[PDB]
Structure formats: C-alpha cells, structure tokens
Amino acid sequence: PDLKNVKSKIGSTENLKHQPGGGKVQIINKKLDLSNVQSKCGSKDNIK
Amino acid sequence: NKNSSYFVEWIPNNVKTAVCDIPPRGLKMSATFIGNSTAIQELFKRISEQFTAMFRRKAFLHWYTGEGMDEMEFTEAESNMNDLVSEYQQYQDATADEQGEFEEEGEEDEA
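Quick note, the sequences are listed as chains O and E, same order. So that you can map any letter, position 21 of the first sequence is 271 in the entry's author numbering, and since no number is skipped, the others follow by simple counting. So that you can map any letter, position 92 of the second sequence is 426 in the entry's author numbering, and since no number is skipped, the others follow by simple counting.
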C-alpha cells in the first residue's frame, strides 16, 4: 500500500523567482535660455 | 487660500470655472466638480498589490490564456501600472523649486 510519497500536479512553479521589481522615473527638466535681452525704452547715445 | 497645502504649487492657480444660466429641474441651483487629485494613487496602489497577489500564483490565468491572450500582455499592463503610479508619484509632493543633487553619470568625485 505504500504510494511512494506522490508529488503534486501542477503548481505555481513558474512564479518561484518572481516578485516582481519596479522600474524608475526622473522628471526633471532643462532650463530655457533667456540671455538674449536688452531694453529699448531709454537712451544710450543722446544722454552724452 | 484656506486649503493651500492640498494644491500643487507649480500649477499656481489650479482652478477652471464655468457657469450656465439654465439649472436642472428641481432646486434653484447646482454645481459639479472634477479634481485631478494625485490621491488617485490610493485606488491604483490597491489594484496593483491585488493584481500581484493573483499573478504571483498565476490564479485564474488559464481563462485569459485560453482566449489566446499572451502572458506578457499582463506583464506590460502591470508594468504600465507601476510606471503610471510612478508618474502619480513624480508629480505628488513635487516642489516648485527643482531638485539639486541627483546625478550619477558625472566624471569626477574628489571634493
């Protein structure tokens, strides 16, 4: 009558390494350039 | 002005308004709201943990796979769910000031 300790069929065997982990995000942006500036509403020559 | 700590500061006035001259039948006025609250994560972090529950044993998957669905669709949808929570989380509690120190590609560490 000894069955020889029969094993299960068929399980979550494909999940045994699984968690799963998460990816990443980082946003974060670049500064625009506003260095092209000069005023016009005054005098630079006729002041002299 | 009162609930300022519940608003994202870098969208400096978070409000759109619209007003109609025609009420619905019954009482003399009404209003209807929508918020893009980042609180939304409380739903989606619940589904993703619950998903992962089922999928870490591959519970009832045989149905889906039996209509011919591939299991790497469940993996991308779950990935797109985790990445979407990461976007909810990127703009939640985000300062109006920018982050400073966060680099790891730099050529020197010495001083």
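Backbone N, C-alpha and C define an ideal beta-carbon position, used for all residues, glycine too.
* Asked: At which residue ranges does the stretch 380-415 of chain E contain complete alpha helix (DSSP H) runs of 4 or more residues, listed in the order of the chain?
  -> Within the stretch 380-415 of chain E, the complete alpha helix (DSSP H) runs of at least 4 residues are 396-400.
* Asked: Going along chain O, which residues have a C-beta under 7 angstroms from E/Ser-339?
  -> In chain order: nothing, as chain O lies at least about 23 angstroms away.
* To do: Measuring alpha carbon to alpha carbon, tell me which of E/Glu-444, E/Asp-443, E/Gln-424 ends up nearest O/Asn-279.
  => Selected option, being the one with the closest Cα: E/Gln-424.
* Mapping DSSP to helix, strand and coil, what is E/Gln-426? -> E/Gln-426 falls in the coil class under three-state DSSP.
* **Residues of its chain near O/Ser-293, where Cβ-Cβ distance is below 8 angstroms and the 5 sequence neighbours each way are ignored** => Once the five neighbours on either side are set aside, O/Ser-293 has no close Cβ partner at all.
* Contacting positions in the stretch 255-269 of chain O - beta carbon closer than 7 angstroms to chain E -> If you check each beta-carbon in the stretch 255-269 of chain O against every beta-carbon of chain E, the ones closer than 7 angstroms belong to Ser-262, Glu-264, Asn-265, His-268.
* Asked: Can you round the beta-carbon distance between E/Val-342 and E/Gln-375 to whole angstroms, since I take them to be within the 8 angstroms contact cut?
  -> Taking the Cβ atoms as the reference, E/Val-342 lies roughly 14 angstroms from E/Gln-375, outside the contact range of under 8 angstroms.
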